[PDB]
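Asks: Dumping the structure here so I can ask a few things about it.
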Amino acid sequence: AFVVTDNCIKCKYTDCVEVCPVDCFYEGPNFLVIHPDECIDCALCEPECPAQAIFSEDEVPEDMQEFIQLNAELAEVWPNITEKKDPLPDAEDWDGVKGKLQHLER
Ligand code: SF4
Ligand code: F3S
């Protein structure tokens, strides 16, 4: 599985969904997650993230290990997103800000 981590929160560009062949992204108010059973690990999405928030499961940073299980949890509850949309209004003010997990919305 590929994993979306911290920097997608409050940025949510959705460029990553374009490239996904199996459509395993699920959409939350201000973050996207990859469904881990569905992802085929083609790695096509992680060049496409402007926030460079996607990581192969085995490359997730040590301080972001939470995100692996979070993507699994939330994929189960959020709706499937299959088309790109506009980025969140203030997306590049938040791009690169750290600790954005306290801002996640369910
Ligand atoms: S690694 Fe390939 S199948 Fe997995 S979520 Fe990324 S674009 Fe979709
Ligand atoms: S910021 Fe989030 S919505 Fe796709 S493009 Fe990058 S993972």
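How things are named: the first chain in the structure tokens is A, the next is B, and so on; residues count from 1 in each chain; ligands count from 1 in the order shown.
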Show which residues sit within 6 Å of stretch 25-27 of chain A, as a PyMOL selection string. Count only C-alpha atoms, and ignore same-chain residues fewer than 4 positions away.

Replies: chain A and resi 32-34+75+78-81

Asks: Grab the residues selected above and save them as a PDB file, in the first residue's frame with C-alpha atoms.

Replies:
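New file again-v7.pdb:
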ATOM      1  CA  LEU A  32      -7.673  11.988   1.229  1.00  0.00           C
ATOM      2  CA  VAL A  33      -6.669   8.426   2.188  1.00  0.00           C
ATOM      3  CA  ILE A  34      -5.661   5.335   0.119  1.00  0.00           C
ATOM      4  CA  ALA A  75     -10.923   4.359   3.971  1.00  0.00           C
ATOM      5  CA  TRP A  78     -15.203   7.959   3.759  1.00  0.00           C
ATOM      6  CA  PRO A  79     -16.704   7.986   0.221  1.00  0.00           C
ATOM      7  CA  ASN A  80     -14.689   6.985  -2.909  1.00  0.00           C
ATOM      8  CA  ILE A  81     -13.274   9.937  -4.886  1.00  0.00           C
TER       9      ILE A  81
END

Asks: Return as a PDB file with N, CA and C atoms, in the first residue's frame the residues of protein, DNA or RNA that approach ligand 1 to within 7 Å, with only C-alpha atoms and all ligand atoms taken into account.

Replies:
ATOM      1  N   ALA A   1       0.785  -1.221   0.000  1.00  0.00           N
ATOM      2  CA  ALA A   1       0.000   0.000   0.000  1.00  0.00           C
ATOM      3  C   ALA A   1       0.816   1.268   0.000  1.00  0.00           C
ATOM      4  N   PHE A   2       0.279   2.251  -0.692  1.00  0.00           N
ATOM      5  CA  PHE A   2       0.789   3.600  -0.601  1.00  0.00           C
ATOM      6  C   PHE A   2      -0.051   4.279   0.483  1.00  0.00           C
ATOM      7  N   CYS A  16      -3.598  13.434  -7.282  1.00  0.00           N
ATOM      8  CA  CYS A  16      -3.298  12.023  -7.117  1.00  0.00           C
ATOM      9  C   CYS A  16      -4.396  11.117  -7.640  1.00  0.00           C
ATOM     10  N   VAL A  17      -5.645  11.552  -7.547  1.00  0.00           N
ATOM     11  CA  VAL A  17      -6.705  10.670  -7.991  1.00  0.00           C
ATOM     12  C   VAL A  17      -6.629  10.509  -9.494  1.00  0.00           C
ATOM     13  N   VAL A  19      -4.391   9.718 -11.655  1.00  0.00           N
ATOM     14  CA  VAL A  19      -3.473   8.742 -12.107  1.00  0.00           C
ATOM     15  C   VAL A  19      -3.791   7.369 -11.574  1.00  0.00           C
ATOM     16  N   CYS A  20      -4.564   7.230 -10.483  1.00  0.00           N
ATOM     17  CA  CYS A  20      -4.820   5.929  -9.850  1.00  0.00           C
ATOM     18  C   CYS A  20      -5.541   4.884 -10.704  1.00  0.00           C
ATOM     19  N   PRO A  21      -5.061   3.660 -11.029  1.00  0.00           N
ATOM     20  CA  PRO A  21      -5.767   2.826 -11.981  1.00  0.00           C
ATOM     21  C   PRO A  21      -6.920   2.084 -11.349  1.00  0.00           C
ATOM     22  N   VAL A  22      -6.924   1.951 -10.032  1.00  0.00           N
ATOM     23  CA  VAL A  22      -7.950   1.180  -9.416  1.00  0.00           C
ATOM     24  C   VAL A  22      -8.944   2.013  -8.633  1.00  0.00           C
ATOM     25  N   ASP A  23      -8.712   3.320  -8.497  1.00  0.00           N
ATOM     26  CA  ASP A  23      -9.567   4.277  -7.805  1.00  0.00           C
ATOM     27  C   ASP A  23      -9.744   3.933  -6.341  1.00  0.00           C
ATOM     28  N   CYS A  24      -8.625   3.890  -5.613  1.00  0.00           N
ATOM     29  CA  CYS A  24      -8.707   3.524  -4.219  1.00  0.00           C
ATOM     30  C   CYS A  24      -8.461   4.685  -3.283  1.00  0.00           C
ATOM     31  N   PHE A  25      -8.864   5.889  -3.638  1.00  0.00           N
ATOM     32  CA  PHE A  25      -8.757   7.059  -2.777  1.00  0.00           C
ATOM     33  C   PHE A  25     -10.125   7.327  -2.182  1.00  0.00           C
ATOM     34  N   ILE A  34      -5.713   6.456   1.038  1.00  0.00           N
ATOM     35  CA  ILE A  34      -5.661   5.335   0.119  1.00  0.00           C
ATOM     36  C   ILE A  34      -6.212   4.103   0.828  1.00  0.00           C
ATOM     37  N   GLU A  38      -7.070  -2.269  -1.671  1.00  0.00           N
ATOM     38  CA  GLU A  38      -7.286  -1.923  -3.046  1.00  0.00           C
ATOM     39  C   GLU A  38      -6.093  -1.447  -3.837  1.00  0.00           C
ATOM     40  N   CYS A  39      -5.230  -0.705  -3.156  1.00  0.00           N
ATOM     41  CA  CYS A  39      -4.062  -0.144  -3.763  1.00  0.00           C
ATOM     42  C   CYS A  39      -3.235  -1.266  -4.369  1.00  0.00           C
ATOM     43  N   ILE A  40      -2.755  -1.139  -5.603  1.00  0.00           N
ATOM     44  CA  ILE A  40      -1.969  -2.207  -6.207  1.00  0.00           C
ATOM     45  C   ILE A  40      -0.502  -1.824  -6.191  1.00  0.00           C
ATOM     46  N   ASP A  41      -0.118  -0.755  -5.507  1.00  0.00           N
ATOM     47  CA  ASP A  41       1.268  -0.346  -5.382  1.00  0.00           C
ATOM     48  C   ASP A  41       1.987  -0.040  -6.696  1.00  0.00           C
ATOM     49  N   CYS A  42       1.294   0.583  -7.634  1.00  0.00           N
ATOM     50  CA  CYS A  42       1.857   0.947  -8.937  1.00  0.00           C
ATOM     51  C   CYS A  42       2.717   2.185  -8.849  1.00  0.00           C
ATOM     52  N   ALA A  43       2.625   2.909  -7.730  1.00  0.00           N
ATOM     53  CA  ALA A  43       3.382   4.094  -7.364  1.00  0.00           C
ATOM     54  C   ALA A  43       3.231   5.233  -8.304  1.00  0.00           C
ATOM     55  N   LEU A  44       2.142   5.241  -9.052  1.00  0.00           N
ATOM     56  CA  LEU A  44       1.976   6.290 -10.041  1.00  0.00           C
ATOM     57  C   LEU A  44       1.567   7.595  -9.388  1.00  0.00           C
ATOM     58  N   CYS A  45       0.914   7.545  -8.218  1.00  0.00           N
ATOM     59  CA  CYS A  45       0.393   8.744  -7.553  1.00  0.00           C
ATOM     60  C   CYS A  45       1.414   9.554  -6.824  1.00  0.00           C
ATOM     61  N   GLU A  46       2.475   8.952  -6.337  1.00  0.00           N
ATOM     62  CA  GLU A  46       3.322   9.771  -5.516  1.00  0.00           C
ATOM     63  C   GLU A  46       4.209  10.821  -6.173  1.00  0.00           C
TER      64      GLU A  46
END

Asks: Taking only C-alpha atoms and all ligand atoms into account, list the residues no farther than 10 Å from ligand 2, as a PDB file with N, CA, C and O atoms, in the first residue's frame.

Replies:
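This is the output file pocket-v5.pdb:
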ATOM      1  N   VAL A   3       0.505   5.313   1.114  1.00  0.00           N
ATOM      2  CA  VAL A   3      -0.116   5.956   2.277  1.00  0.00           C
ATOM      3  C   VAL A   3      -0.174   7.501   2.139  1.00  0.00           C
ATOM      4  O   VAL A   3       0.804   8.118   1.714  1.00  0.00           O
ATOM      5  N   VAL A   4      -1.254   8.215   2.401  1.00  0.00           N
ATOM      6  CA  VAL A   4      -1.208   9.665   2.399  1.00  0.00           C
ATOM      7  C   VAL A   4      -0.881  10.105   3.835  1.00  0.00           C
ATOM      8  O   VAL A   4      -1.468   9.610   4.814  1.00  0.00           O
ATOM      9  N   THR A   5       0.133  10.960   3.984  1.00  0.00           N
ATOM     10  CA  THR A   5       0.495  11.460   5.292  1.00  0.00           C
ATOM     11  C   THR A   5       0.151  12.944   5.532  1.00  0.00           C
ATOM     12  O   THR A   5      -0.548  13.582   4.738  1.00  0.00           O
ATOM     13  N   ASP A   6       0.731  13.550   6.571  1.00  0.00           N
ATOM     14  CA  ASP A   6       0.389  14.864   7.133  1.00  0.00           C
ATOM     15  C   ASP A   6       0.179  16.034   6.207  1.00  0.00           C
ATOM     16  O   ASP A   6      -0.835  16.727   6.251  1.00  0.00           O
ATOM     17  N   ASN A   7       1.020  16.144   5.193  1.00  0.00           N
ATOM     18  CA  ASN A   7       0.979  17.341   4.425  1.00  0.00           C
ATOM     19  C   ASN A   7      -0.225  17.464   3.524  1.00  0.00           C
ATOM     20  O   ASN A   7      -0.564  18.595   3.185  1.00  0.00           O
ATOM     21  N   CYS A   8      -0.933  16.395   3.202  1.00  0.00           N
ATOM     22  CA  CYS A   8      -2.176  16.514   2.479  1.00  0.00           C
ATOM     23  C   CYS A   8      -3.252  17.261   3.289  1.00  0.00           C
ATOM     24  O   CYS A   8      -4.020  18.025   2.716  1.00  0.00           O
ATOM     25  N   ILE A   9      -3.319  17.115   4.604  1.00  0.00           N
ATOM     26  CA  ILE A   9      -4.309  17.767   5.451  1.00  0.00           C
ATOM     27  C   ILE A   9      -4.273  19.258   5.189  1.00  0.00           C
ATOM     28  O   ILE A   9      -3.190  19.866   5.144  1.00  0.00           O
ATOM     29  N   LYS A  10      -5.475  19.810   4.947  1.00  0.00           N
ATOM     30  CA  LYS A  10      -5.737  21.227   4.630  1.00  0.00           C
ATOM     31  C   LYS A  10      -5.182  21.721   3.282  1.00  0.00           C
ATOM     32  O   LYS A  10      -5.284  22.915   2.960  1.00  0.00           O
ATOM     33  N   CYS A  11      -4.623  20.815   2.468  1.00  0.00           N
ATOM     34  CA  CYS A  11      -4.127  21.166   1.139  1.00  0.00           C
ATOM     35  C   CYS A  11      -5.036  20.463   0.171  1.00  0.00           C
ATOM     36  O   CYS A  11      -5.715  21.145  -0.599  1.00  0.00           O
ATOM     37  N   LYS A  12      -5.085  19.121   0.164  1.00  0.00           N
ATOM     38  CA  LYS A  12      -6.041  18.347  -0.599  1.00  0.00           C
ATOM     39  C   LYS A  12      -6.166  18.761  -2.053  1.00  0.00           C
ATOM     40  O   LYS A  12      -7.201  19.120  -2.586  1.00  0.00           O
ATOM     41  N   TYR A  13      -5.070  18.646  -2.777  1.00  0.00           N
ATOM     42  CA  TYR A  13      -5.037  19.005  -4.196  1.00  0.00           C
ATOM     43  C   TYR A  13      -5.870  18.166  -5.157  1.00  0.00           C
ATOM     44  O   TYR A  13      -6.435  18.618  -6.151  1.00  0.00           O
ATOM     45  N   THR A  14      -5.906  16.903  -4.781  1.00  0.00           N
ATOM     46  CA  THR A  14      -6.547  15.766  -5.422  1.00  0.00           C
ATOM     47  C   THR A  14      -5.955  15.417  -6.764  1.00  0.00           C
ATOM     48  O   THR A  14      -6.468  14.563  -7.441  1.00  0.00           O
ATOM     49  N   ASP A  15      -4.779  15.912  -7.105  1.00  0.00           N
ATOM     50  CA  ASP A  15      -4.090  15.549  -8.340  1.00  0.00           C
ATOM     51  C   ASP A  15      -3.822  14.045  -8.444  1.00  0.00           C
ATOM     52  O   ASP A  15      -3.968  13.394  -9.486  1.00  0.00           O
ATOM     53  N   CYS A  16      -3.598  13.434  -7.282  1.00  0.00           N
ATOM     54  CA  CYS A  16      -3.298  12.023  -7.117  1.00  0.00           C
ATOM     55  C   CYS A  16      -4.396  11.117  -7.640  1.00  0.00           C
ATOM     56  O   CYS A  16      -4.173  10.007  -8.139  1.00  0.00           O
ATOM     57  N   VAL A  17      -5.645  11.552  -7.547  1.00  0.00           N
ATOM     58  CA  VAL A  17      -6.705  10.670  -7.991  1.00  0.00           C
ATOM     59  C   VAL A  17      -6.629  10.509  -9.494  1.00  0.00           C
ATOM     60  O   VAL A  17      -6.920   9.419  -9.938  1.00  0.00           O
ATOM     61  N   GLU A  18      -6.095  11.427 -10.283  1.00  0.00           N
ATOM     62  CA  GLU A  18      -6.110  11.285 -11.728  1.00  0.00           C
ATOM     63  C   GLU A  18      -5.487  10.030 -12.312  1.00  0.00           C
ATOM     64  O   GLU A  18      -5.919   9.421 -13.284  1.00  0.00           O
ATOM     65  N   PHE A  25      -8.864   5.889  -3.638  1.00  0.00           N
ATOM     66  CA  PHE A  25      -8.757   7.059  -2.777  1.00  0.00           C
ATOM     67  C   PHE A  25     -10.125   7.327  -2.182  1.00  0.00           C
ATOM     68  O   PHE A  25     -11.143   7.091  -2.832  1.00  0.00           O
ATOM     69  N   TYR A  26     -10.198   7.759  -0.936  1.00  0.00           N
ATOM     70  CA  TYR A  26     -11.451   8.042  -0.255  1.00  0.00           C
ATOM     71  C   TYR A  26     -11.251   9.427   0.345  1.00  0.00           C
ATOM     72  O   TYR A  26     -10.179   9.859   0.783  1.00  0.00           O
ATOM     73  N   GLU A  27     -12.325  10.156   0.206  1.00  0.00           N
ATOM     74  CA  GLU A  27     -12.389  11.570   0.483  1.00  0.00           C
ATOM     75  C   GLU A  27     -13.016  12.051   1.797  1.00  0.00           C
ATOM     76  O   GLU A  27     -14.181  11.795   2.112  1.00  0.00           O
ATOM     77  N   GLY A  28     -12.250  12.861   2.512  1.00  0.00           N
ATOM     78  CA  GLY A  28     -12.690  13.458   3.742  1.00  0.00           C
ATOM     79  C   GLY A  28     -12.732  14.941   3.549  1.00  0.00           C
ATOM     80  O   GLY A  28     -12.292  15.437   2.508  1.00  0.00           O
ATOM     81  N   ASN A  30     -11.006  17.402   4.483  1.00  0.00           N
ATOM     82  CA  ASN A  30      -9.762  18.107   4.246  1.00  0.00           C
ATOM     83  C   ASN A  30      -8.561  17.191   4.137  1.00  0.00           C
ATOM     84  O   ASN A  30      -7.426  17.629   4.312  1.00  0.00           O
ATOM     85  N   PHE A  31      -8.804  15.972   3.688  1.00  0.00           N
ATOM     86  CA  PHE A  31      -7.712  15.054   3.560  1.00  0.00           C
ATOM     87  C   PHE A  31      -8.236  13.938   2.695  1.00  0.00           C
ATOM     88  O   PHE A  31      -9.446  13.779   2.649  1.00  0.00           O
ATOM     89  N   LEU A  32      -7.367  13.193   2.021  1.00  0.00           N
ATOM     90  CA  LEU A  32      -7.673  11.988   1.229  1.00  0.00           C
ATOM     91  C   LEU A  32      -6.906  10.814   1.835  1.00  0.00           C
ATOM     92  O   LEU A  32      -5.826  11.024   2.427  1.00  0.00           O
ATOM     93  N   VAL A  33      -7.418   9.593   1.766  1.00  0.00           N
ATOM     94  CA  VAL A  33      -6.669   8.426   2.188  1.00  0.00           C
ATOM     95  C   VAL A  33      -6.677   7.375   1.076  1.00  0.00           C
ATOM     96  O   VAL A  33      -7.555   7.415   0.214  1.00  0.00           O
ATOM     97  N   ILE A  34      -5.713   6.456   1.038  1.00  0.00           N
ATOM     98  CA  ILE A  34      -5.661   5.335   0.119  1.00  0.00           C
ATOM     99  C   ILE A  34      -6.212   4.103   0.828  1.00  0.00           C
ATOM    100  O   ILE A  34      -5.790   3.817   1.960  1.00  0.00           O
ATOM    101  N   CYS A  45       0.914   7.545  -8.218  1.00  0.00           N
ATOM    102  CA  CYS A  45       0.393   8.744  -7.553  1.00  0.00           C
ATOM    103  C   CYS A  45       1.414   9.554  -6.824  1.00  0.00           C
ATOM    104  O   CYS A  45       1.259  10.770  -6.696  1.00  0.00           O
ATOM    105  N   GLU A  46       2.475   8.952  -6.337  1.00  0.00           N
ATOM    106  CA  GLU A  46       3.322   9.771  -5.516  1.00  0.00           C
ATOM    107  C   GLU A  46       4.209  10.821  -6.173  1.00  0.00           C
ATOM    108  O   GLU A  46       4.338  11.881  -5.565  1.00  0.00           O
ATOM    109  N   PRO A  47       4.649  10.766  -7.441  1.00  0.00           N
ATOM    110  CA  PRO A  47       5.078  11.923  -8.208  1.00  0.00           C
ATOM    111  C   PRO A  47       4.027  13.021  -8.407  1.00  0.00           C
ATOM    112  O   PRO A  47       4.380  14.195  -8.506  1.00  0.00           O
ATOM    113  N   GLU A  48       2.738  12.662  -8.493  1.00  0.00           N
ATOM    114  CA  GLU A  48       1.673  13.621  -8.753  1.00  0.00           C
ATOM    115  C   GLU A  48       1.281  14.470  -7.551  1.00  0.00           C
ATOM    116  O   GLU A  48       0.593  15.472  -7.749  1.00  0.00           O
ATOM    117  N   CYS A  49       1.588  14.121  -6.281  1.00  0.00           N
ATOM    118  CA  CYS A  49       1.153  14.941  -5.150  1.00  0.00           C
ATOM    119  C   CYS A  49       1.931  16.243  -5.053  1.00  0.00           C
ATOM    120  O   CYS A  49       3.109  16.187  -4.718  1.00  0.00           O
ATOM    121  N   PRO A  50       1.390  17.449  -5.238  1.00  0.00           N
ATOM    122  CA  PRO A  50       2.133  18.698  -5.082  1.00  0.00           C
ATOM    123  C   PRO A  50       2.686  18.854  -3.666  1.00  0.00           C
ATOM    124  O   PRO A  50       3.763  19.380  -3.460  1.00  0.00           O
ATOM    125  N   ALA A  51       2.023  18.307  -2.651  1.00  0.00           N
ATOM    126  CA  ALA A  51       2.461  18.424  -1.271  1.00  0.00           C
ATOM    127  C   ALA A  51       3.472  17.336  -0.890  1.00  0.00           C
ATOM    128  O   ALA A  51       3.926  17.211   0.252  1.00  0.00           O
ATOM    129  N   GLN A  52       3.742  16.422  -1.833  1.00  0.00           N
ATOM    130  CA  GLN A  52       4.608  15.279  -1.623  1.00  0.00           C
ATOM    131  C   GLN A  52       4.338  14.504  -0.331  1.00  0.00           C
ATOM    132  O   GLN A  52       5.186  14.028   0.403  1.00  0.00           O
ATOM    133  N   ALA A  53       3.031  14.302  -0.152  1.00  0.00           N
ATOM    134  CA  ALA A  53       2.464  13.661   1.029  1.00  0.00           C
ATOM    135  C   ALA A  53       2.289  12.162   0.886  1.00  0.00           C
ATOM    136  O   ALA A  53       2.027  11.519   1.902  1.00  0.00           O
ATOM    137  N   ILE A  54       2.349  11.557  -0.323  1.00  0.00           N
ATOM    138  CA  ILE A  54       2.201  10.113  -0.473  1.00  0.00           C
ATOM    139  C   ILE A  54       3.551   9.389  -0.346  1.00  0.00           C
ATOM    140  O   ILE A  54       4.556   9.906  -0.812  1.00  0.00           O
ATOM    141  N   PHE A  55       3.561   8.237   0.354  1.00  0.00           N
ATOM    142  CA  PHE A  55       4.720   7.391   0.654  1.00  0.00           C
ATOM    143  C   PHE A  55       4.300   5.956   0.522  1.00  0.00           C
ATOM    144  O   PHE A  55       3.177   5.558   0.837  1.00  0.00           O
ATOM    145  N   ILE A  81     -13.338   8.809  -3.960  1.00  0.00           N
ATOM    146  CA  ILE A  81     -13.274   9.937  -4.886  1.00  0.00           C
ATOM    147  C   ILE A  81     -12.540   9.439  -6.145  1.00  0.00           C
ATOM    148  O   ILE A  81     -11.524   8.723  -6.085  1.00  0.00           O
ATOM    149  N   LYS A  84     -10.740  14.432  -9.942  1.00  0.00           N
ATOM    150  CA  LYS A  84     -10.032  15.542  -9.346  1.00  0.00           C
ATOM    151  C   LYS A  84     -10.964  16.724  -9.106  1.00  0.00           C
ATOM    152  O   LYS A  84     -11.977  16.932  -9.800  1.00  0.00           O
ATOM    153  N   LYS A  85     -10.647  17.575  -8.148  1.00  0.00           N
ATOM    154  CA  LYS A  85     -11.435  18.755  -8.013  1.00  0.00           C
ATOM    155  C   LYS A  85     -10.454  19.833  -7.685  1.00  0.00           C
ATOM    156  O   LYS A  85      -9.233  19.637  -7.762  1.00  0.00           O
ATOM    157  N   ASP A  86     -10.962  21.024  -7.471  1.00  0.00           N
ATOM    158  CA  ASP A  86     -10.087  22.124  -7.122  1.00  0.00           C
ATOM    159  C   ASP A  86      -9.445  21.857  -5.777  1.00  0.00           C
ATOM    160  O   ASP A  86     -10.019  21.085  -4.988  1.00  0.00           O
ATOM    161  N   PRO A  87      -8.235  22.392  -5.498  1.00  0.00           N
ATOM    162  CA  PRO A  87      -7.582  22.319  -4.189  1.00  0.00           C
ATOM    163  C   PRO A  87      -8.336  23.163  -3.161  1.00  0.00           C
ATOM    164  O   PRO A  87      -9.159  24.023  -3.504  1.00  0.00           O
ATOM    165  N   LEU A  88      -8.118  22.917  -1.880  1.00  0.00           N
ATOM    166  CA  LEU A  88      -8.769  23.703  -0.865  1.00  0.00           C
ATOM    167  C   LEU A  88      -8.324  25.153  -0.974  1.00  0.00           C
ATOM    168  O   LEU A  88      -7.218  25.384  -1.445  1.00  0.00           O
ATOM    169  N   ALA A  91      -4.862  26.239   0.124  1.00  0.00           N
ATOM    170  CA  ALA A  91      -3.978  25.111   0.087  1.00  0.00           C
ATOM    171  C   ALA A  91      -2.499  25.433   0.108  1.00  0.00           C
ATOM    172  O   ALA A  91      -1.766  24.809   0.882  1.00  0.00           O
ATOM    173  N   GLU A  92      -1.957  26.416  -0.583  1.00  0.00           N
ATOM    174  CA  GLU A  92      -0.517  26.537  -0.442  1.00  0.00           C
ATOM    175  C   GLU A  92      -0.057  27.366   0.755  1.00  0.00           C
ATOM    176  O   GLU A  92       1.126  27.277   1.093  1.00  0.00           O
ATOM    177  N   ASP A  95       0.669  24.230   2.855  1.00  0.00           N
ATOM    178  CA  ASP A  95       1.565  23.218   2.294  1.00  0.00           C
ATOM    179  C   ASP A  95       2.946  23.285   2.919  1.00  0.00           C
ATOM    180  O   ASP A  95       3.691  24.243   2.755  1.00  0.00           O
TER     181      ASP A  95
END

Asks: Considering only C-alpha atoms, state which residue in the set A:63, A:83, A:37, A:57 is at the smallest distance from residue A:99.

Replies: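 Closest to residue A:99, using only C-alpha atoms: A:63.
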
Asks: Mind pulling up the distance from atom CA of residue A:36 to atom CA of residue A:82?

Replies: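 About the pair atom CA of residue A:82 and atom CA of residue A:36: they are 16.0 Å apart.
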
Asks: Report the distance between atom CA of residue A:70 and atom CA of residue A:101 in Å, rounded to one decimal place.

Replies: 10.6 Å

Asks: Which one is closest to residue A:29: A:60, A:97, A:74, A:105? Count only C-alpha atoms.

Replies: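 Closest to residue A:29, using only C-alpha atoms: A:105.
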
Asks: Using DSSP secondary structure from the backbone, list all strand (DSSP E) positions within chain A, as an MDAnalysis selection string.

Replies: chainID A and resid 2:4 25:28 31:34 54:56

Asks: Identify, with DSSP run on backbone atoms, the residues in chain A assigned to helix (DSSP H, G or I), and express the list as a PyMOL selection string.

Replies: chain A and resi 6-8+16-19+57-59+62-64+66-75+91-94+100-103

Asks: Could you tell me how far atom CA of residue A:104 lies from atom CA of residue A:71, in Å and to one decimal?

Replies: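 Interatomic distance, atom CA of residue A:104 to atom CA of residue A:71: 12.3 Å.
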